[PDB]
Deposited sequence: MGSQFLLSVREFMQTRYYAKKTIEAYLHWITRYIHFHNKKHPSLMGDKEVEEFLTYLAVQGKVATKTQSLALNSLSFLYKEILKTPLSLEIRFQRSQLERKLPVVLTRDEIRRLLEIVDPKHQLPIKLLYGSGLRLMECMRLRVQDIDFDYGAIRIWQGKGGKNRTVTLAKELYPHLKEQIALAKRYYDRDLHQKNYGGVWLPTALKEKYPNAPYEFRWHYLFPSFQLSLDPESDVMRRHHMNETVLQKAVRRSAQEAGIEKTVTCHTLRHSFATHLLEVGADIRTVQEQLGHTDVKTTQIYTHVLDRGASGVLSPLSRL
């Protein structure tokens, strides 16, 4: 029943799996049992699995990566939940759709992209390229996260609960300060509200620093024009800018300039890494800016002039 899926969700939350990971796994576990007439996975195994996966490939045109997530979700279910791991030989129809090469803009392309973009989104997207931030990393920024004493930005808890310090483009200082000032206004106004629970804080932080939620420094850098009503603990707070809006903002502006390469937020991040490299920065330097734990990962972001030693003999 729907009580088994809830127990799986609880298991994962205790083991502190990422939220997105839980949704991903659940979704594939869900439409797995859904595939079969909702028959309990405990009464199934390798056989039923190597069918769902093949069902995803064929008559599903699922992407090779998509199939992979599913494979892992299922494997998780059978190893961690029902302590009875699948076999490593499960043969199934592997997808065919080959992932298109990572799109990477060019100086002038980006230069023109940052043009036809309304000021309402100029700063955010400039941070995505100027400091190679991820979409949500940029959207979750907080006033205290911007360091003017050193040209840098503190990215707290990025993908996989890792903190990092990234570079900032000095030229944005005036823009940033203005943006902060803009956020200060909403703060000064929202402070005097019948039901303002201040800014949302990471896991049980409001309990440790009950005052933090009402301190400006903890407030989002890019807040929304209105206010929201937080379901948990019926209170209102000023949530941050909408991701989706920024996502299409960059998509449209990308069209309103030419560039027929299908450019999105993460492609601006790729450009950041690519451009730093083309200027001579060291790979490990780029690695640290992106937050990769190992250079070998960054090397998959680098896809002559050497005179043969024989010639110097």
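Novice: What stretches of this chain's deposited sequence are missing C-alpha coordinates?
Specialist: Counting from residue 1, the stretches without coordinates are 1, 305-310.
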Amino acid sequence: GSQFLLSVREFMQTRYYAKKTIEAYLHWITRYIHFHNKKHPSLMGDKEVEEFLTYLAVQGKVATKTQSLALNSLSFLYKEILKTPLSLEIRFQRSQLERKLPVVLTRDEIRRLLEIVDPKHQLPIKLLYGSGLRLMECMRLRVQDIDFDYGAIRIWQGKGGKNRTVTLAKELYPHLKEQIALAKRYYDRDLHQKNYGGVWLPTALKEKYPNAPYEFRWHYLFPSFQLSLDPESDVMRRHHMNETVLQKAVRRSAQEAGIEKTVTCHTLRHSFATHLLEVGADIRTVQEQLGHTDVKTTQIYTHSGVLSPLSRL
From here on, numbers count along this sequence of modelled residues.
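Novice: Out of 236-244 and 204-212, which one has CA B-factors that are higher on average in the deposited record?
Specialist: Averaging CA B-factors over each stretch, the winner is 236-244.
Novice: Would you tell me which stretch averages the higher CA B-factor in the PDB entry, 161-169 or 192-200?
Specialist: Mean B over CA atoms: larger for 192-200.
Novice: Among the candidates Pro102, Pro174, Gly151, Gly130, give the one with the maximum CA B-factor reported in the record.
Specialist: The listed residue with the largest C-alpha B-factor is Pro102.
Novice: Go through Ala183, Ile116, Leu71, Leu141 one by one and give the residue whose Cα B-factor in the PDB entry is largest.
Specialist: Among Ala183, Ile116, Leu71, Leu141, the PDB entry lists the largest C-alpha B-factor for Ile116.
Novice: Determine, from the deposited record, the chain-internal third of the Cα B-factor for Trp28: lowest, middle or highest.
Specialist: Middle third.
Novice: Where does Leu88 sit by CA temperature factor within its chain: lowest, middle or highest third?
Specialist: Ranked within chain, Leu88 CA B lands in the highest tercile.
Novice: Sort the modelled residues of this chain by their C-alpha B factor and say whether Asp282 lands in the lowest, middle or highest third.
Specialist: Lowest third, going by the recorded CA B-factors of the chain.
Novice: In terms of the chain's CA B-factor thirds, is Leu276 lowest, middle or highest?
Specialist: Ranked within chain, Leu276 CA B lands in the lowest tercile.
Novice: If you rank every modelled residue in this chain by C-alpha B factor, which third holds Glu137: lowest, middle or highest?
Specialist: Lowest third - that is where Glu137 ends up once the chain's C-alpha B-factors are sorted.
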